[PDB]
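Visitor: dropping in the first section of the assembly, placed as in the complex:
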Amino acid sequence: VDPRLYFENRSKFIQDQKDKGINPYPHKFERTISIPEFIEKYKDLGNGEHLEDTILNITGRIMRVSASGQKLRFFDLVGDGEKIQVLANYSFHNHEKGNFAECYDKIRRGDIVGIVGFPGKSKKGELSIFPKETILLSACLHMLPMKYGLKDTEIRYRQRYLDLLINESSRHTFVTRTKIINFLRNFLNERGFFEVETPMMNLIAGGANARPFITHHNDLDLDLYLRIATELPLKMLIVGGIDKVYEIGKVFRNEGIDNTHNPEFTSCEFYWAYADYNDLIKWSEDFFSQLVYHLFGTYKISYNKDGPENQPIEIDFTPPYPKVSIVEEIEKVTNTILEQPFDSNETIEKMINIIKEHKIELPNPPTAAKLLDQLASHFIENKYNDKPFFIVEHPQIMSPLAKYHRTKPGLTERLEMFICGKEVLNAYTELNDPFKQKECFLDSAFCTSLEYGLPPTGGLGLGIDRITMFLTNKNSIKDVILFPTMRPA
């Protein structure tokens, strides 16, 4: 019951074994069959049926230990998320290799073993390996936690391997994450898109609005910023004639952690020459509905928006999805007209007064972009929870890289998709007239590339972590990142 003493005794056991001449960490066990392959090949065996002649080399982790006397021992053996029984019978044991009770009394829960033996089903119908020899391949020197010990605790995050071993669902969550990325890469590749890598460190940090990580480059004697987005170099590649280009990789925003924000997170951005806003809406509806159908066989999924203690809501990914104009909708809900320019003195004061009157946190500084974002967050971002929806046509002052709207003054051809109040996608017709990129008197290099001719283009960025959270029923981003950056205890 004392974990410290358990580990001390296991450690002495290791030493005792090697100076009895047994190597508890051997170099190579030549495995013949994986546990999933074993289950696939011998599941249809009849009750009590043994393939006594069929000798197999199999490995796995012991996850349960019991006995039916000194003469017959039972274990659960797990590998690759699957499980079989180990039935060690005294009569099947190769006694030339050592005493039966001596070999099996040593085994502890968590030990990785290699087994030579034959396949069979017990009379009770349990698919089993019947050993003639089992050898310790690598010992578990600690007591493994119970599932209960992983529930309301940080052990899942600081010792993710324990989560993966003990909680069947944890493996499934991370398998789904990789299936999502695989689906996305194949979806883009089938449509002619070309995957690239752009630098993780740069002299500026552009393509979004976020505080950067800074690091010193020793050889250049220069401070560089980790990228906050891939947007600028990818557009430069469009100028270079890679007309469908994308990148899946980490980006970094040096701000506060919470349940939907991790400072390092996985983004996909793609740029599509000769596409516009409307192509990107259709792309999003095709992608999300096909992805959901690919994973689940239906367009509707269950999501516990308010945690596992509350009822799930159903999210319908059947397209098309609603589109909500941000300014028109704020004006309606607040019953207040917001006249252009949105950064005029009068319209600033009106937004603050709305925020004052409704007791909504005033952003600091109280800039027009920040006020609009705050108003959108409070009044529209939870308009729909039964289905994804787009917030569209953001003001130019919120959207310095999006192309001006072709009919609506002061607005852009921008869309953001929201699921359950959370943004997962940001896309727009790209601003490509260098004379309107106000900041091009923010990189000189980008600005200059625009002067060489950026074709009309649509670009889009996805939050892969947030998408995975919704498709694996998680409420916290730490449950979809293998090794979330924790406070060091």
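Guide: Looks like it arrived, so ask away. Numbering: from 1, shown residues only, chains lettered A, B, ... in the order given.
Visitor: ok, residue A:81 to residue A:381 distance?
Guide: When C-beta to C-beta, to the nearest Å is applied, the distance between residue A:81 and residue A:381 equals 37 Å. Where you see a C-beta, it was placed from the backbone N, CA and C, and this is true even at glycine.
Visitor: look at those two and report which has more neighbours.
Guide: Remark: of residue A:81 and residue A:381, residue A:381 carries more neighbours, 19 against 14, as counted by other C-beta atoms under 10 Å.
Visitor: and for the closest residue to that one other than its chain neighbours, the neighbour number?
Guide: For residue A:381, ignoring the flanking residues on the chain, the nearest one in space by C-beta to C-beta, 6 or more residues apart in numbering is residue A:421 at 5.3 Å. Neighbour count of residue A:421, defined by other C-beta under 10 Å: 14.
Visitor: pop out the phi and psi values for residue A:421.
Guide: Backbone torsions of residue A:421, given as degrees, to the nearest 10, read phi 80, psi 0.
Visitor: repeat that for residue A:464.
Guide: Backbone phi and psi, for residue A:464 under degrees, to the nearest 10, turn out to be phi -70, psi -40.
Visitor: hang on, it packs against residue A:248?
Guide: Yes: using C-beta atoms under 8 Å, residue A:464 makes contact with residue A:248 at a distance of 7.4 Å.
Visitor: who touches both of these two?
Guide: A:181, A:184, A:266, A:267, A:268 (C-beta atoms under 8 Å, 6 or more residues apart in numbering).
Visitor: who does the last one bridge with?
Guide: Here residue A:268 shows beta-bridge partners residue A:248, residue A:462, assigned using DSSP bridges.
Visitor: look up how far residue A:466 lies from it.
Guide: Here residue A:268 is placed at a distance of 12 Å from residue A:466 (C-beta to C-beta).
Visitor: extract the C-alpha trace of stretch A:226-238 and format it as CSV.
Guide: Taking Å, rounded to 0.1, in the frame of the first residue of the first chain, the C-alpha atoms of stretch A:226-238 are listed here in CSV:
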residue,chain,number,x,y,z
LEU,A,226,8.2,32.5,-33.3
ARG,A,227,5.5,32.7,-35.9
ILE,A,228,1.9,33.5,-34.8
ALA,A,229,0.5,32.4,-38.2
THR,A,230,1.7,31.0,-41.5
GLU,A,231,-0.3,33.6,-43.5
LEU,A,232,2.4,35.9,-44.9
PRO,A,233,4.9,33.3,-46.2
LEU,A,234,2.1,31.2,-47.8
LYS,A,235,0.8,34.2,-49.7
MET,A,236,4.3,34.9,-50.9
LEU,A,237,4.3,31.4,-52.4
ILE,A,238,1.0,32.2,-54.2
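Visitor: add chain B to what we have:
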Amino acid sequence: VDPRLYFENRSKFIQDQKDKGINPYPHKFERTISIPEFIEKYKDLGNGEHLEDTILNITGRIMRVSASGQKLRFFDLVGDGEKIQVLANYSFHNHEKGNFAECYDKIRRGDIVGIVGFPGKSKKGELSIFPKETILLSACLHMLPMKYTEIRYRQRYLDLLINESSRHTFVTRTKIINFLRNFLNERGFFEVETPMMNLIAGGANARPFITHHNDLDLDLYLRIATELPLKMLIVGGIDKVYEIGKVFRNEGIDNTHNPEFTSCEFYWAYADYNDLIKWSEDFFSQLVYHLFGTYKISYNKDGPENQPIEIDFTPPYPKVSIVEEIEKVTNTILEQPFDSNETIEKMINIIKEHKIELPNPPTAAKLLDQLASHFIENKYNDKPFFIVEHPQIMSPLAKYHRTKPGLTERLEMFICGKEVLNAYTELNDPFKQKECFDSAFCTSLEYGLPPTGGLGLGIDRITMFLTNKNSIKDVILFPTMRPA
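Guide: Putting chain B onto the chains we already have gives this:
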């Protein structure tokens, strides 16, 4: 002639177009067919044949401008690395949408255009689009060079437009990564992401990038390798696991070293030394064949000014034991332990005698590595080969060699004297890892890491050899250069 004046005139032209009510940057042109699709569909047309029953919308970048009289205008139009001719004839021009001469006088090299027209070949046989209307979609405001030596790295988009071998190099890079991903996935490997920043930086020997994490109020380190968290996933039961992504080593730049570079590492439970050798031989031979349809390639080891060599990727590859080959080539014997005062002095004397550069500090591992670099690592340029069985003191995470004292079951593959692969049987006895007696990694070992084999590949260097480049800046789209 002047770039600056040319840009000013073009800028003034953009404003003048705006003042006349034309939007020189329209929002959307609905394209019917891509340029490569246009070539594939109409390549088999007969010389002089037109298909005026087929109106097509096509886009591209103008790369050449000429004319045969005021009545006929010719252009090169490029897209997706392919090219057609544009043949603007007064007869087919839609005059209701503007003056023919005035529309085409304005087009410059580099302009992105949309064209409504019909397919056809000229009498001379050149596949062409015949416009009834051409719309400027985005102007090139600078002069586009034809020839230009660091512009390639500081304006990679210019290199990609002009050079055509540059595009092919970066297509090959993505084909290499795609092949590797598919190669691993078909063998049951599971792709993951592990953190790019951590509280320590282990899995290799290199100086770190340091950054400050505002929310934790901690100084974190960019990863130098993915080795440690991937092994922790093996402990967690993901028995075949890999990651492809960037790692960071804060040291000097040269032609085969970039501080941020792309690595793939995989970990393979129950595999050992010999499985890793066979994986490497299978992967490299199949990758080369996939790209080239042969196992033999040409590589300009000493640049385009010197003769190339042939590299033969037909397996199996030679294996060379590091210590015994050093002893053979230098006719000495380096008695164990290698950090004995006698063996250090012996190694230092070989280096001093040959006027080779003495590493600072003159540590046993660094002396061994210098000796291998000067006496072994170019044993073959004919073919890749492995240097194997590195001493434990060079390899603190590799499992002890099962028959040779003081060594490990490690392998490094070299091409033309450059390492592209590092692999070994993983050390998994926690009591044998002297640093343990990273705490997170050391703790994970106490829960049981099965016997495992791990391997890392340098994707950038591999791409250099397979695209005939001598510098890593030629296979990275935006290599980080010294600024102004």
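Visitor: what does the stretch 1-150 of chain A put close to chain B?
Guide: Along the stretch 1-150 of chain A, the residues adjacent to chain B under the rule C-beta under 8 Å from any C-beta of the partner chain are A:7, A:11, A:14-15, A:24-29, A:31, A:59, A:61, A:78-81, A:110-112, A:137-142, A:144.
Visitor: only whichever of those are buried, select them in PyMOL.
Guide: A single PyMOL command suffices to select whichever of the residues of the stretch 1-150 of chain A next to chain B are buried according to 16 or more other C-beta atoms under 10 Å in any protein chain shown:
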select buried, chain A and resi 14+24+25+27+28+29+31+59+61+78+79+80+81+110+111+112+137+138+139+140+141+142
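Visitor: and the residues of the stretch 1-150 of chain A next to chain B, which of them are in helices?
Guide: Of the positions in the residues of the stretch 1-150 of chain A next to chain B, A:7, A:11, A:14, A:15 sit in helices, assigned by DSSP state H.
Visitor: got the contact list for the closest residue to chain B within the stretch 201-350 of chain A?
Guide: With distances taken as C-beta to the nearest C-beta, the stretch 201-350 of chain A approaches chain B most closely at residue A:240, which sits 3.4 Å away. Listed by C-beta atoms under 8 Å, 6 or more residues apart in numbering or on different chains, the contact set of residue A:240 reads B:156, B:157, B:158, B:159, B:160, B:161.
Visitor: let's see 10 Å
Guide: With C-beta atoms under 10 Å, 6 or more residues apart in numbering or on different chains as the criterion, the residues that contact residue A:240 are A:449, A:452, B:155-162, B:166-167, B:170, B:477.
Visitor: check residue A:220 too.
Guide: A:201, A:203, B:252, B:253, B:259, B:480, B:481, B:482, B:483.
Visitor: and it, helix, strand or coil?
Guide: For residue A:220, the assignment made with DSSP: H, G, I helix; E, B strand; the rest coil gives coil.
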